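**Student:** Before anything else, here's the structure in question.
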Amino acid sequence: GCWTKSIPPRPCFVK
């Protein structure tokens, strides 16, 4: 799925 590229990754385009 969509994830930001940080430590830690964050979800994106969550419905």
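By order of appearance in the structure tokens: chains A, B, ..., then residues from 1 within every chain, and ligands from 1 in the order shown.
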Find the residues around residue A:14 up to 12 Å (only C-alpha atoms counted), leave out those fewer than 6 positions away in its own chain, and share them as a PyMOL selection string.
**Tutor:** chain A and resi 1-3
**Student:** Restrict the selected residues to N, CA, C and O atoms and save them as a PDB file, in the first residue's frame.
**Tutor:**
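The resulting file, selection.pdb, is shown below:
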ATOM      1  N   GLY A   1       0.832  -1.253   0.000  1.00  0.00           N
ATOM      2  CA  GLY A   1       0.000   0.000   0.000  1.00  0.00           C
ATOM      3  C   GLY A   1       0.856   1.288   0.000  1.00  0.00           C
ATOM      4  O   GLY A   1       2.086   1.225  -0.069  1.00  0.00           O
ATOM      5  N   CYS A   2       0.199   2.453   0.179  1.00  0.00           N
ATOM      6  CA  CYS A   2       0.917   3.690   0.229  1.00  0.00           C
ATOM      7  C   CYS A   2       1.591   3.892   1.521  1.00  0.00           C
ATOM      8  O   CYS A   2       0.939   3.775   2.592  1.00  0.00           O
ATOM      9  N   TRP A   3       2.830   4.297   1.496  1.00  0.00           N
ATOM     10  CA  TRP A   3       3.587   4.596   2.647  1.00  0.00           C
ATOM     11  C   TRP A   3       4.464   5.787   2.394  1.00  0.00           C
ATOM     12  O   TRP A   3       5.148   5.904   1.347  1.00  0.00           O
TER      13      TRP A   3
END
